[PDB]
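Protein chains in written order, with the authors' numbering: chain A, 4 to 241; chain V, 2 to 240; chain Z, 1 to 213; chain C, 5 to 244; chain D, 338 to 433; chain X, 367 to 439; chain B, 194 to 241; chain R, 8 to 127, 134 to 241. Ideal Cβ placement from N, Cα and C applies to all residues, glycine included. Working notes, structure below.
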Ligand SMILES: Nc1ncnc2c1ncn2[C@@H]1O[C@H](COP(=O)(O)OP(=O)(O)OP(=O)(O)O)[C@@H](O)[C@H]1O
Ligand SMILES: [Mg+2]
């Protein structure tokens with residue numbers, strides 16, 4: 004147990020436990036699912052209430068006109084990476100006068116989160132960022148982790164009880180490349196409804212859906228515009 | 002268990018090293034102070050001269066500016082830094098803004114300087130508590146107090162030091178809603194309050210008053226002995 | 001030795017309407033006694049209700065435009081809304097004063113709609129003082145346009161003439177007439193006329209040719 | 005053991021266990037091998053698919069440091085990304101100060117001294133990475149290097165980094181690598197990977213082959229063995 | 338096989354505990370118990386019953402046969418505040 | 367997988383995914399996860415098991431529980 | 194299991210056979226043991 | 008591992024900020040209610056001495072001429088947060104000629120509370142209630158030492174916080190009026206405090222759209238209490 008105190012201290016098994024504990028902070032937050040077609044990349048999150056009459060905490064937040072991210076984990080590390088995220092997006096607009104390629108922006112994050120996972124004096128960032136974007140070669144779905152690894156993927160679900168969402172995505176990933184937004188969005192939010200206890204339903208007040216498109220700027224819909232998306236659904240087989 | 006740091010919390014949310022600084026205040030000599038109609042007054046006890054020293058270097062009552070006073074408790078070393086720092090701020094305020102310094106402004110400086118002095122590790126906080134009395138802000142008499150946590154606060158009658166709980170309970174049954182006019186009556190209230198000293202020798206009281214227009218008027222042990230005589234004159238009505 | 005400033009010419013016109021705003025400029029970029037191009041407009045659509053014009057030294061015009069467009073995004077993600085017309089004029093005055101001892105050689109005019117739906121024109125100086133006006137004309141031909149608009153828009157020095165507010169169609173032909181007369185006597189003006197109209201339904205554009213000499 | 009916390013402390017017999025602990029963290033990573041022929045260097049990495057949602061080419065371990073220099077990392081992948089950016093930055097200053105390409109003998113010295121500096125102070129820890137360096141030139145030929153987490157860096161003809169470090173170099177040394185061409189090497193690298201535990205107790209894998217030498221004119225790039233697919237056609241015939 | 342642990346009741350537990358240990362005693366029929374469950378932040382079921390027994394002992398210090406609200410309020414200071422805190426109550430002015 | 371032979375397991379459960387989160391357990395604690403997961407489904411009257419049913423059975427072995435911790439949005 | 198020994202077998206599970214109670218003192222350890230001695234309908238053995 | 012802001016748990020978590028949430032619990036209660044007519048706000052004083060001057064105890068401070076405030080927990084950390092919250096509304100008017108919205112006030116406040124160990134100290138010990146009427150109407154927000162920021166419709170914090178919330182969720186609805194919500198708020202107060210409710214135990218503060226002044230009640234508070 005004496006090796007379980009700092010980021011610097013290695014173990015006699017070769018595993019640093021402080022990085023292994025920051026993965027556990029990702030499982031505290033709620034579930035969120037991102038996926039993409041050939042032309043459209045949609046990530047869908049799940050709000051959580053604090054009390055019975057407070058507003059629900061937002062998950063999806065706009066970054067750039069072609070980049071939007073989701074969140075899972077500490078809200079302190081959330082806005083701290085967002086302010087680093089927005090600063091790098093407008094520097095390429097100010098210098099190069101082009102939007103950033105999405106694949107090389109995430110490489111700046113892995114260089115950003117590597118220093119506080121090696122030097123003493125700062126904990127690792129407990130955060131679960133899902134990233135959707137548009138470079139010149141189509142849509143992308145990215146995830147990160149507090150071990151500073153970033154994974155390109157075509158579908159991903161992270162957060163609380165998100166293993167049941169992964170099983171839905173693996174047996175329907177062959178259908179994702181062809182279908183358009185009227186069902187591609189509700190292919191995604193059929194995966195959230197297995198990350199729920201079996202007695203309540205995904206309502207209009209607890210879900211956010213963000214869409215960025217090839218000809219569409221990144222747009223966040225919540226609590227009023229979810230009703231054209233929740234129409235035309237079946238119930239759970241209970 | 003867990004204290005040994007000014008940055009850690011208790012499992013029930015406490016700062017014990019900040020709370021231990023208030024325990025050092027209770028080793029000091031008591032000093033009281035009231036405000037009145039025009040004349041403010043503050044007195045200290047427990048002089049206890051030791052037969053072989055000069056007594057003009059053991060003074061507990063100082064003036065920051067021309068119309069504000071100071072009385073403290075705690076340990077003598079940390080008071081000298083706070084007094085010498087506050088003389089600079091109540092003089093540099095006058096240079097940047099041509100007004101005289103209000104009694105409210107100098108207490109926020111002492112509290113905020115003690116505030117940031119508590120936050121960083123490796124900085125032992127001040128173990129003193131102070132009384133700031135001044136009828137300076139446009140003819141209005143006021144008195145405030147401080148705390149080692151760094152919370153400036155306003156009372157109308159105050160007691161500190163080793164035995165403040167008896168005196169503060171004494172003044173609640175004694176400070177009349179009838180305002181103590183004929184200001185020797187208000188001075189006799191303090192001498193009646195300081196009569197409940199730790200030994201009450203009579204000649205160990207150093208009362209200092211201010212008539213809100215003149216400078217500080219340190220009382221002599223002949224005028225204060227006259228006020229101790231009339232306190233025994235009113236005590237003759239018990240029989 | 002090296003000198004950091006040069007004059008490039010240009011002429012910017014703005015008129016605050018009752019429920020509209022018109023911003024006009026030429027597209028001639030010159031230096032000394034040479035013509036760089038005949039297609040370089042000075043209009044810049046900041047928001048859907050605000051257009052800015054920038055004259056003077058062209059290197060500072062390209063810099064100052066990109067600084068404002070960065071701070072529009074910095075306002076929005078911090079406040080979940082867009083800037084107003086008056087908020088941009090308050091922000092621009094702090095940016096121009098921030099280099100007080102090495103000033104931008106840029107004359108600025110901001111025209112657009114307020115929060116009530118009416119026209120608003122703000123004029124500037126290269127150090128950062130501003131005021132709200134009804135019509136201003138900045139640039140190289142500034143002296144050739146202000147006395148005529150005092151006669152037609154402000155109705156100054158006129159007798160027995162009612163003060164009808166300027167309609168949209170009457171304001172279009174006043175803009176098209178002043179730039180024809182200004183391109184005759186000024187050498188830094190011609191080759192086109194870009195006109196931007198800001199209303200409650202968006203921003204329209206229109207291009208009128210001038211003499212090419 | 006207790007006397008093994010800091011990297012700036014010695015044991016009573018005279019070694020630092022924090023360097024010893026980080027070496028066998030490289031042991032748990034999958035096998036990446038390297039080999040050079042007489043006119044080139046051929047890399048090869050056994051890389052396993054995580055579950056299914058990997059998108060066929062993500063998070064690769066065949067980097068590209070310079071015009072003629074690349075890496076074959078194994079171990080903690082995030083720690084190798086920060087270390088690869090040092091070698092990208094180190095080769096740029098040699099260009100800007102001397103005007104020509106970095107020699108591989110000088111490049112491995114600059115990197116290994118940088119790895120050495122994280123094994124001395126109590127504030128930082130040693131790296132958990134080991135990697136390869138291969139290059140080719142016309143005035144120097146082909147070279148192949150090897151850097152441990154401690155910082156020892158010298159040259160090989162062939163190597164392996166991962167679980168099967170010993171189990172791969174047993175059958176590397178039975179090759180006549182001094183005279184083969186690096187087109188014949190590519191079909192021979194793929195059988196070394198597939199002999200030792202490609203998907204036996206694991207789930208799945210995918211082979212990556214990097215490539216530098218005389219046929220690329222000094223360039224470093226991935227193989228065109230998506231073209232004609234000949235590595236897997238020749239190595240899967242070794243089932244019996 | 339099963340590790341059942343016992344913790345402290347948050348607020349709804351304690352308000353139910355006061356209604357158990359004080360239903361069989363002569364009290365005023367208008368008092369509230371939720372104010373009492375505030376003032377016992379880190380307390381057990383044994384400490385709550387000791388407050389209920391002590392409040393009746395104040396009624397025998399005076400000459401009463403029913404318990405008032407101030408009988409319980411003095412009992413909280415007798416049980417908890419006489420032993421849990423002595424520096425934080427008089428020198429309290431850091432928190433209001 | 368051995369001790370779960372006698373129950374109604376729904377066939378979307380990977381024991382390799384359970385070995386991801388279960389670590390430093392002996393053979394008997396692995397049996398204890400299998401016993402406790404059968405009774406959690408008995409609480410709500412479920413007829414078969416799920417991967418979520420084992421994950422709550424894991425935390426019950428070392429006797430954990432989770433709230434809304436108001437850090438995590 | 195002492196009153197319905199059916200649903201454990203009719204689903205295919207086995208009940209646990211050993212329960213420990215731990216926590217702070219005066220919390221109610223003895224009460225839960227004292228209350229199940231009331232409603233047991235079975236052999237109950239206190240052990241000193 | 009429970010004495011450091013630079014150290015995680017095997018389960019989550021801190022274990023340092025969780026202890027900072029506990030420091031709010033030993034404060035005084037405070038209730039704020041958002042209504043379409045405006046935002047009312049109530050607090051309890053807990054005056055210790057009669058010689059103690061009452062107006063030197065602040066619980067409602069005026070952040071700006073259309074934004075009020077409320078606090079609980081540690082008084083020493085509260086005066087630091089009120090200082091920049093007055094300055095950040097003042098810097099915004101200097102560079103924009105407009106009033107900063109109530110939501111974006113707390114954005115500036117939360118950017119420094121999440122800097123306790125994240126520079127290159135300890136977290137704070139104070140929860141805050143922010144009420145105000147901006148261009149989106151009346152607003153009511155809430156924060157914490159962990160920087161977690163949220164909008165509430167009616168919130169009660171401090172001591173007696175959880176016990177107030179259960180009774181406060183009972184009587185709240187969307188179509189309230191301002192004068193109804195004021196007398197509804199201090200029915201809750203006299204049920205959660207131990208002293209008899211009078212004109213010296215509590216103080217009020219309201220804000221209206223056309224009445225951006227008067228974030229205080231000066232002995233009209235005696236009229237509200239006598240008609241309870
Ligand atoms: N949850 C509860 N509800 C009601 N009363 C309680 C509760 N917990 C404790 N008590 C009261 O506290 C008294 C003492 O409790 P008890 O001695 O059973 O605690 P314990 O945990 O068994 O102590 P120990 O751990 O020392 O054995 C009991 O007589 C009971 O009346
Ligand atoms: Mg017991």
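Residue burial classification, residue i (beta-carbon count within 10 angstroms, cutoff 16)
i: residue 141 of chain R; result: buried
i: residue 80 of chain A; result: buried
i: residue 97 of chain A; result: exposed
i: residue 230 of chain V; result: exposed
i: residue 200 of chain A; result: exposed
i: residue 22 of chain C; result: buried
i: residue 389 of chain D; result: buried
i: residue 438 of chain X; result: buried
i: residue 111 of chain A; result: exposed
i: residue 174 of chain A; result: exposed
Close Cβ partners of residue i (< 8 Å) along its chain, the five nearest in sequence each way excluded
i: residue 126 of chain Z; result: 56, 96, 103, 104, 105, 106, 107
i: residue 81 of chain C; result: 63, 65
i: residue 11 of chain R; result: 23
Residues that residue i bridges to, as DSSP identifies them
i: residue 138 of chain A; result: A/141
i: residue 222 of chain R; result: Paired residue(s): none; residue 222 of chain R is not in a bridge.
i: residue 63 of chain V; result: V/71
i: residue 146 of chain C; result: C/140
i: residue 155 of chain A; result: A/145
i: residue 48 of chain R; result: R/39, R/218
Neighbourhood of residue i by C-beta distance below 7 Å, restricted to the same chain and skipping five residues each side
i: residue 363 of chain D; result: 402, 403, 404
i: residue 110 of chain R; result: 152, 154
i: residue 198 of chain R; result: 38, 40, 47, 49
i: residue 373 of chain X; result: 404, 415
i: residue 215 of chain R; result: 49, 50, 51, 52, 199, 202
i: residue 234 of chain C; result: 191
Below 8 Å, how does it come out for the segment 182–195 of chain V and the segment 42–56 of chain V: are there three or more Cβ pairs, yes or no?
Contact between the segment 182–195 of chain V and the segment 42–56 of chain V is present, with at least three C-beta pairs closer than 8 Å.
Contact the segment 178–196 of chain A vs the segment 54–72 of chain A: 3+ CB pairs below 8 Å
no
Touching by the beta-carbon criterion (3+ pairs, under 8 Å), the segment 169–181 of chain Z and the segment 7–23 of chain C:
no
Which residue spans inside the segment 362–400 of chain D form an unbroken alpha helix (DSSP H) run of at least 4?
The segment 362–400 of chain D contains these whole alpha helix (DSSP H) runs: 371–375, 382–398.
Any contact of the segment 222–232 of chain V with the segment 20–33 of chain Z, i.e. 3+ C-beta pairs under 8 Å?
Three or more Cβ pairs closer than 8 Å define a contact, and the segment 222–232 of chain V falls short of that threshold against the segment 20–33 of chain Z.
Is the segment 72–89 of chain C close to the segment 130–145 of chain C, with three or more CB pairs under 8 Å?
In short, these stretches touch, since the Cβ pair count reaches three.
At what residue ranges does the segment 141–187 of chain V contain a whole run of the beta strand (DSSP E), taking only runs of 3 or more?
The segment 141–187 of chain V contains these whole beta strand (DSSP E) runs: 143–146, 158–160.
Hey, is the segment 61–80 of chain Z in contact with the segment 31–39 of chain Z, meaning 3+ C-beta pairs nearer than 8 Å?
Taking 8 Å as the limit for Cβ pairs, the verdict is that the segment 31–39 of chain Z does not touch the segment 61–80 of chain Z.
Write down every uninterrupted run of the beta strand (DSSP E) in the segment 156–220 of chain C whose length is 3 residues or greater and which is fully enclosed by it, in chain order.
157–159, 162–165, 210–212, 214–217
If contact is defined by three or more beta carbon pairs under 8 Å, each pair taking one atom from either stretch, is the segment 14–32 of chain R in contact with the segment 163–176 of chain R?
yes
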